[PDB]
Structure formats: C-alpha cells, structure tokens
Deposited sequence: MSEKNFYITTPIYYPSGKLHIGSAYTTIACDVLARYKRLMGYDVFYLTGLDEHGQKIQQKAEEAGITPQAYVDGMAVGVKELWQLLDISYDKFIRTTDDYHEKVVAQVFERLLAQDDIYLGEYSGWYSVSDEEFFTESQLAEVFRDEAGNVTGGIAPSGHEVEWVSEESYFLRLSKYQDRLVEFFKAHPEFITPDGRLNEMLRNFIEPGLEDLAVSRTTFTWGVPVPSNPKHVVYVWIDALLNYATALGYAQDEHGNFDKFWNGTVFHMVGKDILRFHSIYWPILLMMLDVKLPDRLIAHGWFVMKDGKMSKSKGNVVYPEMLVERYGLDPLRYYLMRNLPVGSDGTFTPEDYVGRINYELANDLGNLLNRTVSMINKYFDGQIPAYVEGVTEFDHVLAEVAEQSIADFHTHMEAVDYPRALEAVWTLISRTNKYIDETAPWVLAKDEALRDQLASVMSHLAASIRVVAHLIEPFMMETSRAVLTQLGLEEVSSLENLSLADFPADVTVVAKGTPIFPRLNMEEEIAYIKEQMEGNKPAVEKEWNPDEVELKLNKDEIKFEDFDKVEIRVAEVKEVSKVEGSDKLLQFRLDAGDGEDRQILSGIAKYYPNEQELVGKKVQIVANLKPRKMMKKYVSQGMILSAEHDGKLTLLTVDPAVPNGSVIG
C-alpha cells in the first residue's frame, strides 16, 4: 500500500560505534519492520558521512589515503549492523561516486539560481590600540541564502505543527534560530581537500553538512538516470530520525535546500535524547553474553520521549531477569506445561466469557493493542512496550484469579479450565506479535512453542482471532537465560572498567 521512507543520520566513521549510534539504527529498524508488518511499502536507509577535516587528519596519522581509511571503518560498521539484525534496504557512503556527482551538480545549480553566492567568510572582548578586536576566521566562501526563504520556512512550521516530534522541539527551533532572523550559511571550505570539490572553483570543497544532508535524496537516485525510488518514496511519507543536537541541520537547512530544488519537504523529524552509560559499553560485549533481543528491548524501552536515558549494569540484568525471564518466559513455560498436562497438547477452541475473568482479559488485550498502535505511530517505544507488558502483567494475574490447578480437580469445571488455557495461548500469541519488530527471534520461538507460525502481519490483530487445531510442543525450552544476577552485574562492570 502507501509508501514509507525512514532514514538514520549518516554517522561519522571516526571510531568504533558504541550504544549511542546503535540506538538510532535499531530504532529506525524497529519502525521499518513495524511499517512492513502493517502492510506499508517501506524503504529504510542508513550509511556513513565520510568527508571532513577531522577524518582527513585521522587518515594521515594512520599513514594512508582518506579513501582507504573510511573503507577500513565502513567494514566495521556493516559488521555491527549485521550483528544487530538491521534490515536496511540500502547503505550509502558519501564517497560513493554517484553521490559526489549529484552534490557537485546541486551546488552548481544553486549557484546558477543565485541561491548560493560567493562572499567572504568572516567572524569569531579584547582590543588593540585602534579599537579593533583581536580576541578570527577569514576566508573566501560561498554562502547559502537562508534569509531569502525565512518567511516561507516560518509558514511551513506554522502549517505543520507536527513536523518535529516530540512536542516543544519545534518551538525551540523557532525561538532559538528562526524567529530572531536566519543568517546566510557558509557552505564551502578551503582549509582542507577531503570533500566534494566545487566544479567552478575546485579550491573550495562543499561544507560536509550540505554533502551529508543530500544523502537522503541521492540514495533514491535523485538527479540520476535510475530515479524510480526517488519519485516513489520521496513523494510518499518521509521520516528522518535524528538526535536533538543535529535538529537545526535537518529542520532549517534541509527544508530550505529542498525549497530551492523544488521538491517535497519531509513529513516528520523524530528528535530524541542522549543515551548515557553509567563508562563505555560496546554492543558486541552485551550481545555475545546475553543475546541480541535483550539489547534491542533494553535500548528501545529505556530512552523516554522528551528526555535522556541511562544504562546501568543493574537495570540491564534486572530487566532480563524480571521483565523477560519471569514475566514473559515463565508465563509461556507454564502455559505450555498446563496445555500438555490437561489437554494433551491440544489447545482448546477459543470461547469467550466462560469464566468471570475472561471478559476482563479480553478488554485489556483490545486496549493494549490499541495503545501499542497509538504509541508506535508516535514512535514512543517505552510506552508501546509498557502497553505490551500491561497485557503480560494482566495475563499473569488471570492465572492467579482463575486458579487452573483448582479448576482441574473438578470435572464440572472442564469448560472453564479449557477457556483459561485458550485465553493464555491467545494472549501470548498477541504478545509475540506485538514484540516482533523489537525481538524477532524471541517472537518466533514463543510462537513455535505454542505450535504457531511466525508473524506475517500486524493488521487486524485481536485476542479471539486464533487458528484452529493447534498443538504445542511436547517439551518446552526456556527462551531467556536464568542469570546469576550478582555475577552478571560484576561481569558487566568488569568489562566496562577493563
């Protein structure tokens, strides 16, 4: 159906990536996976921002060309995205030929339109003896005419109040940068060579941010021979996920660029806060030890919308223990044991309102599914997952309330025992569906133990809509590890310090 395009920032390859950059790439992966499962036609881009002064310095310290240096880095990044199961449809690098060409043409085009002019870069109280300020950047530089599109950008902001999420960040951009008056922007540099040369004046390289921002267009084939993906996906729904500290580049410079090139503006910028480790933690270490799905769950659940989030060893191990192993794992494990013991693995047909608590569980499942969808559309994963774990929580309660082991010792309550059992399986099926974007492997294994096929859609989900003639596995396997909580905390702290 409808077209949906989601992008990460293209990260600087200036080191080995920590949780920080993993966070955003996993977050966009979750959204892409979800949108696909909701029957959208989806494109998901990530990649690397390879030009710049610092990168060139690194390469010379290493004793190799810039190209070979960034080639070194790109291999490591692709390896990490492989580890974290990132389902990007394309990976873009700014040293890719097709990209560098388009950047050159765009710059030239803008110059021909007088949207870029040639002026003098200048600016920065101590004075000399003639009142001149001593304590100075000074070069020739091209300037982008942001001032000329200020009114038009203000209109855009006012007509699209949900252009940036969460609420408040759009007003911050207005107050701090736009309403006071946009200055024209220096979009070239001359103090280094590692960049896209301005054709008409090769001593200037394009400012890395203009070069970088265009990645979102060029990856689709903008201003190239094969441009089907641009016409499709750029004219559909376009989301850019970014960290708050690069919001001005994406909310001011990028929209105005797109105005000058006469193409559609994106529909949403999702700006998020910082992940802080409490002091560096590498994805591989965590994935090797406890697996991928814990990491993805942890990162997505622990960065709240509108604020920063914090990692601790205690919280990481605690959530695996309580939220995954106990809340979800034991629920599955004991659901499967009881279906075996009482109905020889055959899950009874689903009949609504057999016990007193049935209608209550059903109303909670409907609420959890609706809340999940609301929060996923807003890209609020903590709240999305909270809704999932509300259903888990109420399903564990439902076991306590119906007391299957009491029902089983009375032959007149067989229909009730059966309804408990079908309601447990049905509940866990819904849960395995809701978590799939976050925890693909966990989802599959949960469903396998219930004798169900892996998820294929998230449309039209409900508790009652359960397949007939289902048989659970004869023997259950734990989906999560049983941790030595003190040892694992001490292990994580050891890896961080050492």
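Novice: No C-alpha coordinates anywhere in a stretch? Then put that deposited-sequence range on the list, in order along the chain.
Specialist: Several regions go unmodelled: 1-2, 127-142, 154-163, 307-315, 536-665.
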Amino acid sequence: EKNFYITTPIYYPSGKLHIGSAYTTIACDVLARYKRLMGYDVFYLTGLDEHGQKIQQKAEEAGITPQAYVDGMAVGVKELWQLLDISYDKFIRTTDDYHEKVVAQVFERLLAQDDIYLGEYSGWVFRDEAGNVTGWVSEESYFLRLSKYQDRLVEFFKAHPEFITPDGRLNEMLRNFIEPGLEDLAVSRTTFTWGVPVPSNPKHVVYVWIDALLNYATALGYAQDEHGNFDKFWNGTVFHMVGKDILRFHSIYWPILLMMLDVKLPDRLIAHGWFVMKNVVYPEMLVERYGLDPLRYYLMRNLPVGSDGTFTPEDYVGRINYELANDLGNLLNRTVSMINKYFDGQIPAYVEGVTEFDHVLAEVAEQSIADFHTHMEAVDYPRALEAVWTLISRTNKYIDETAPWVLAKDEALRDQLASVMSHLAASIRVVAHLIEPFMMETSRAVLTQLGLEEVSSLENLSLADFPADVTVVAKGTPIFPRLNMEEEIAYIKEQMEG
From here on, numbers count along this sequence of modelled residues.
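Novice: Please work out which of 279-287 and 381-389 has the higher mean CA B-factor as recorded in the PDB entry.
Specialist: For C-alpha atoms only, the mean B-factor is higher in 279-287.
Novice: Looking only at CA atoms, which has the higher mean B factor in the entry: 170-178 or 233-241?
Specialist: It is 170-178 that shows the higher mean C-alpha B-factor.
Novice: Check the PDB entry and point out which of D49, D465, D41, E436 has the largest C-alpha temperature factor.
Specialist: Max CA B-factor in the entry, restricted to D49, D465, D41, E436: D465.
Novice: For the C-alpha B-factor as written in the entry, point me to the maximum among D267, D315, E79, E140.
Specialist: Each of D267, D315, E79, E140 was compared by C-alpha B-factor; the highest is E140.
Novice: Which third, lowest, middle or highest, does the CA B-factor of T8 fall in along this chain?
Specialist: For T8, whose C-alpha B-factor we compare with every modelled residue in the chain, the answer is the lowest third.
Novice: Tell me, lowest, middle or highest third: where does the Cα B factor of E162 rank within its chain?
Specialist: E162: CA B-factor falls in the middle third of its chain.
Novice: Sorting the chain's modelled residues by C-alpha B-factor, tell me whether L110 ends up in the lowest, middle or highest third.
Specialist: Ranked within chain, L110 CA B lands in the highest tercile.
Novice: If you rank the chain by CA B-factor, which third does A68 end up in: lowest, middle or highest?
Specialist: Middle third of the chain for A68's C-alpha B-factor.
Novice: Check where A62 lands among this chain's C-alpha B-factors and tell me if it's the lowest, middle or highest third.
Specialist: Answer is highest: the recorded C-alpha B-factor places it there.
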